[PDB]
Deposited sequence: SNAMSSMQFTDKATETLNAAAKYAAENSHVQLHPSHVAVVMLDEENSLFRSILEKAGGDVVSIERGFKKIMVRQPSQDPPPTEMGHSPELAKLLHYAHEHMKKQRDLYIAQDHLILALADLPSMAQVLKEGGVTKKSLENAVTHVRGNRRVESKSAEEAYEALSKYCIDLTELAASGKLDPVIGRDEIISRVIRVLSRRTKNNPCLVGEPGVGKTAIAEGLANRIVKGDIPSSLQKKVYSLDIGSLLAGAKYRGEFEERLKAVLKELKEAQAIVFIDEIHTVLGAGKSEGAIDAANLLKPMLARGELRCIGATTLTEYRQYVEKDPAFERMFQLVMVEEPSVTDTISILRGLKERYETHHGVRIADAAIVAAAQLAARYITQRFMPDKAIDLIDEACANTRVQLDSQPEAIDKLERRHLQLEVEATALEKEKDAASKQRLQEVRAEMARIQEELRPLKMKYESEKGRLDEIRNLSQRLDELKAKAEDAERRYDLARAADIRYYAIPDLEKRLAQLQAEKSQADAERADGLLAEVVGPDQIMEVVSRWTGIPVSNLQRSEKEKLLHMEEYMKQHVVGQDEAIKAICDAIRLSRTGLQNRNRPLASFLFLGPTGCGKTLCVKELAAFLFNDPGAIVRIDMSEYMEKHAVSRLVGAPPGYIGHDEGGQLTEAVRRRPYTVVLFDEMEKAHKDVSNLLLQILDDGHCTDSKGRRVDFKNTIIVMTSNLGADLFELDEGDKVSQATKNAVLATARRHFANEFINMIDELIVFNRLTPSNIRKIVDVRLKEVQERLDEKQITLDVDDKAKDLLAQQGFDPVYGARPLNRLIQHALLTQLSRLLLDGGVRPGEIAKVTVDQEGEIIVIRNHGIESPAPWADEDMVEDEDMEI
């Protein structure tokens, strides 16, 4: 009588009693209940009877026959046979060890009522048909372990870091794998962009069930180098691998897949038949250049693989990747990574590690900086070590004196005990403050590592439906450790506030990241912590360090660079474009050198094109070569000397790049120029020469250009300054011998007037300094004439030539 029901069961009964009242019936009858249930939106009872084999349309009419006979008049009582339905529901509820009468308890109870059981027999439902349908609704590979990595196992064991910000590509891999043709994804990108992480991320989704049911598959990574180690036995190992994949019906990730298709033994004829018979399902990884040689060039591989590009993440996306990996390195090294460390890792790796790719190179900075911090933390503090070591000396000295009986030994022993005790008074506090801070910090680390191991074991128990083990872990072990960890994080914060030493020892901040970046690059830290904004605002100072007398040209160059870097220029353009119109010998090439060294980190990242040899009419086909230079190093200045020599074939090739942003290769490929600067020189007061230019040029190509600079002639004061900086370069070499190069006005005037020519500028200057100064200077350094620590005087002799006065005879 006094029973407990689910809300859904109570709703069924109330609905049964309202249907009873709608046929004006005196009291509620199990056929009311049965019919109400069969008619519920998305009826359970209907689905159970369909699965038990029943004829739901006859069963319902049969229930409606018993229901029609029930007596009528004109509150709601229970039929003796309803009261019996609830008795049996309640007995099922107890047999299943359930606590509330649920709607499947009513369905099973209908079958206990002989009247209701008959209707179900006449619809084909036996009692074993009905019981089975409701019980339902409630509830080794040798070569793969030698040669592959079970990548879905790593995911299930927690041994695999999170994969952040690649959910579009992972889901694209899943759609490709599900195509009828071209259903083998080939991850194509450069080293370190995360091609392997995309395979690892799919493994992760497979283990969590965020996949279609057609990809509940293991993912094995084929170790190609492991196939070759220890030797035609390559072919026999691979066949056994492919056989065992095929029957575990797994997906195979193959890194460096080109090295098994031609790049060192070739197994293309082993893989190809299997990939085509669909026997093998495969995820490749390789680089774009190698995809084009070994997968496109074979028509039958192109027909089975799909190119999936994996681009390098930007600085913004790398910071997101780092914020996601952060806890994993913190828990591993026992350190705190400040967010500014992350930001500085991504920004400095983007700007100073230009030979390597995101996110690998930034992660790599973090790891090294974390390892540095933990080395320091694990090192003995110097003050405790100095005292421990001096106390050890004293104690060995006391052992020796302990048995000497002369007065002088007794006296020295008392001095030794007094110095021992003094050290102990200074040492004991320092040692117990180190042992408790270090001990606490270690325990935070150890507990944090056990919390991860527990969470993974608990997530494993849950997927396997091991409730007892997941229950021990989630509710007893994890909370026990979380509480202890919380106590220590509180003790630590109080202990740090009471030291007030201003020291964040366990903290990897920007200083630590730059210590690494300095080391990896040899650039001192001081040069590293200017922002990109300050370097850009002083860019003019950078060039003024070597380019003399061209202050106007430098302002124009630098402003145009700043337009690009502030994002104010059109994306469908190159970074910048200048036409250097000045006298030769004044510093056109020097400015290009300066740009590559400032704008790209690499002074040699310049691509030169003489145009007199590209004056041929079909020279553009050979430009070919132009495409492959800025594909290979995309961050590059692109210098065009003798632009006069340029045919109107090549003139209109730049107008593409300049108004489009990329050149189309002679094979159809797009070679990107969005990170090149483009410079063009031409030999062709100030206010007049600019207009002699204008009388020549096609306007649509010159307005496409950012700046048109007019360089100015080296004036006699710029002439002395250029020669004074060359002598400074000579001095910088003599400083390790402590020599001083005193050059007088007579000689600087000789270098001034004889080192500079009216049309070829400062080109003569350097041969003159080698022949007229450094040659005799080299003779004097060798024969003792000028010695370390001396002044080497330079003047001009009575015949008219540079002389280096000598300080000693031969």
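Chemist: According to the record, which stretches of the deposited sequence lack C-alpha coordinates?
Modeler: Gaps vs deposited seq, in order: 1-4, 79-82, 148-158, 251-253, 286-290, 651-663, 725-740, 867-885.
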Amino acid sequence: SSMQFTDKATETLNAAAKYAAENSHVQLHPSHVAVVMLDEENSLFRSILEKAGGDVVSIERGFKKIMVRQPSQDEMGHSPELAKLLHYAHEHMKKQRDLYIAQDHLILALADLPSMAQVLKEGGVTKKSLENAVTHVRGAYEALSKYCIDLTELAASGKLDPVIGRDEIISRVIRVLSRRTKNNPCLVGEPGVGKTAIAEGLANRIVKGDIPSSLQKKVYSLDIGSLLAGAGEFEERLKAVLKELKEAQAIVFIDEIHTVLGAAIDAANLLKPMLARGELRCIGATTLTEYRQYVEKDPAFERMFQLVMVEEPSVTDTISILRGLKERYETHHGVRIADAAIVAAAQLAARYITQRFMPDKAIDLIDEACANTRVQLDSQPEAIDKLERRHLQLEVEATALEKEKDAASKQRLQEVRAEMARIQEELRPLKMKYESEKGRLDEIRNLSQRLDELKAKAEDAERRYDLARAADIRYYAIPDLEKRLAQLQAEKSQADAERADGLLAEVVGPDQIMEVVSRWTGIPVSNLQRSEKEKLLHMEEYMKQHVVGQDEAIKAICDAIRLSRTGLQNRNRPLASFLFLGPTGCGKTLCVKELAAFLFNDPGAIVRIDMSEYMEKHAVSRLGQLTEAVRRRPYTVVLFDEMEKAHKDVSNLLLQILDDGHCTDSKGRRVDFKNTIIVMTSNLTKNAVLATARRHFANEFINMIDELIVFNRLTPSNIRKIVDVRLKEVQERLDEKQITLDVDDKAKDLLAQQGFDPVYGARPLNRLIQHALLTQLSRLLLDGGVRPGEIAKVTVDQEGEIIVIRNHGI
From here on, numbers count along this sequence of modelled residues.
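Chemist: So, looking at the entry's B-factor column for Cα atoms, which has the higher mean, 757-765 or 770-778?
Modeler: Mean CA B-factor is higher for 757-765.
Chemist: Pick between 534-542 and 501-509: the one whose mean CA B-factor in the entry is higher.
Modeler: 534-542 has the higher mean C-alpha B-factor.
Chemist: Checking the entry, which one of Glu437, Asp660, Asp210, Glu200 has the top C-alpha B factor?
Modeler: When the deposited C-alpha B-factors of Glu437, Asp660, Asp210, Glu200 are compared, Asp660 is largest.
Chemist: Among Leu654, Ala346, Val219, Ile739, single out the one with the highest C-alpha B factor in the record, please.
Modeler: In this record, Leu654 carries the highest C-alpha B-factor of the candidates.
Chemist: Sorting the chain's CA B-factors, does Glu312 end up in the lowest, middle or highest third?
Modeler: It belongs to the lowest third of the chain when residues are ordered by C-alpha B-factor.
Chemist: Select lowest, middle or highest to describe the third in which the CA B-factor of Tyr352 falls within its chain in this entry.
Modeler: Middle third of the chain for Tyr352's C-alpha B-factor.
Chemist: Check where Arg669 lands among this chain's C-alpha B-factors and tell me if it's the lowest, middle or highest third.
Modeler: Highest third - that is where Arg669 ends up once the chain's C-alpha B-factors are sorted.
Chemist: Sorting the chain's CA B-factors, does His32 end up in the lowest, middle or highest third?
Modeler: Its C-alpha B-factor, which the entry lists for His32, ranks in the middle third among residues of this chain.
Chemist: By the recorded C-alpha temperature factor, relative to the other modelled residues in its chain, which third is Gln306 in?
Modeler: As the PDB entry reports it, the C-alpha B-factor of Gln306 lands in the lowest third of its chain.
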